[PDB]
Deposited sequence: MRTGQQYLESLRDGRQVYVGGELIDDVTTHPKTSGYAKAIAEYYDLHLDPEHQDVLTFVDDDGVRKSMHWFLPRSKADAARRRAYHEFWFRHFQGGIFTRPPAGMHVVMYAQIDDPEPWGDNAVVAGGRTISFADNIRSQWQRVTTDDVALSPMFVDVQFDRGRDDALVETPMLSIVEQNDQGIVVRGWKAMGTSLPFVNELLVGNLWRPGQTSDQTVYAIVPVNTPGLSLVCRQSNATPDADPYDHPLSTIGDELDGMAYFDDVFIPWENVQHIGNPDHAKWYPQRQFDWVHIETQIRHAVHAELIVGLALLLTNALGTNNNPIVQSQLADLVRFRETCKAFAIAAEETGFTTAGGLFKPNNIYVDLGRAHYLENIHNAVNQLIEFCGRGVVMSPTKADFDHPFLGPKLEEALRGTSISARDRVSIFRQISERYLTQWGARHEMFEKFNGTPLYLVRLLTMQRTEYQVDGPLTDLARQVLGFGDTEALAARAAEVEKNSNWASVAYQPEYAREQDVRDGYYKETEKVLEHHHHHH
């Protein structure tokens, strides 16, 4: 288990990192990146803290004590302990302002190490070379868990030699890849990328690449969005953007070389249709737990806000609060149903039921903007104009503000801090990224919908139609089509 200091030092490795178009010399000291770097460094230090040993750490097969970000669950009870672990972090990061510490990112590997053989068995390699992909996965896992490396996935591809990342040479030492990966999170703050693909029509063999790639590999450029961090603002004014900003970005691979040992699979487009989705299941699980915590945070803020404003006895307000409570409890119920109806993989991994995970996500995705909008409605104008700290500190007018903007049972400053917490999260570029990330994180709503009806449980001849068929007195599609055809043959038309 690494220290914060070891984590910070590992980021000073000559990586090429662009933020808003500026090349960042040192991610641990530059104002644009340093707060988030420090927040992950603290993340590592807490794991080492004895007080949090029970919830944060475990003893692995090899007998070594490791962080729960490396814990593969093998029972319902294990899954519940993982849930508690994800909650610890969503709580420690204030409802989940940072969605992708190692705990959220590493879960993408869990399906690979559970079932490595297909990654090799399905591979398509050139020139008769034979690579032990499955072995690669096992030893990858042994290294990253032992050394406590930080990894972030990049699986999404640019729409559209294509500009998409693709193999341009294979040789005895490994492969060379050129082009873009379209999006990834926390890129400047990890040691290695997990690159991969999710199948899209037209994808070629050379575009199918799954591999670990160090962030400071020659020819790799991280092109990140501008930072919305505000390290010099006053924390009263900007309580969250002062902490840091979890940057997202694209990455360009300029003839980047990857050694065979770092490759997990290449060459087979159809591999990319089934197996990455099983990896993204684990992200969805983590995300969906975050949803519920965010909804908890929202209803909490709303309770404090309407109480502070005197409106929580209005029956309309009560009624809307009740629906915020219901929004929270819906997300929580899907999380419970998912865990409770999970099952073990062939490899012995205990996996929450993705049906409840994805439909819980869908519930969040559909309604979240309504829950945020409702929280803002409760604020009134206090959100348009809420004084800065400098305004309250003015020698003459400041005491006048404290007088003018106070409530019966809460000071002006405390009450305005509720508005500012709501403004920061839902009415700033800083906060807007959070909401936008949650919207387009893995499978979005419109695709959850279309994938739902592709599932076997929900086909016309599947079991969800049994009750209806029984009520109508119908066989299956085939039986019904048979009667129809016979009615045609027994008439003339």
Deposited sequence positions missing from the model - stretches, numbered from 1, in order: 161-169, 503-536
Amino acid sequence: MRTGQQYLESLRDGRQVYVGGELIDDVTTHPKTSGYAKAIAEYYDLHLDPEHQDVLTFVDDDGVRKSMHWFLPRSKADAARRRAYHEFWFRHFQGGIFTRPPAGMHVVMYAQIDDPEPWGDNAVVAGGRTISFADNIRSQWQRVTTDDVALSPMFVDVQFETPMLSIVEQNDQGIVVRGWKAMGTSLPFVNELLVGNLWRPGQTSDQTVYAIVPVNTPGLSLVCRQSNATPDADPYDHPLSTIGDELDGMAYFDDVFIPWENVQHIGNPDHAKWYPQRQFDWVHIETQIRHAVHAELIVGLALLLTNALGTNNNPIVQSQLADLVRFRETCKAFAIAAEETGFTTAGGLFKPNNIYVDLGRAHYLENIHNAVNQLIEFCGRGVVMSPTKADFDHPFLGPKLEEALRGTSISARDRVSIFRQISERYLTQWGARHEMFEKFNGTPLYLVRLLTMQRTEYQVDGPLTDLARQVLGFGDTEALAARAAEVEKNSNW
From here on, numbers count along this sequence of modelled residues.
Which of 110-118 and 367-375 has higher mean CA B factor, as the PDB entry lists it: 110-118
29-37 or 53-61, whichever carries the higher mean Cα B-factor: 53-61
Deposited CA B-factor, highest of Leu324, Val158, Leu151, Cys224: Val158
Given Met68, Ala432, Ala468, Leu48, the residue at which the Cα B factor reaches its maximum: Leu48
Third of the chain, ranked by Cα B-factor, where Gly398 sits: lowest
Chain-wide C-alpha B factor ranking for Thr428, given as lowest, middle or highest third: lowest
Third assignment of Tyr236 from its chain's C-alpha B-factors: lowest
Among modelled residues of the same chain, the CA temperature factor third for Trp282: middle
Chain thirds of CA B-factor: placement of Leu472: middle
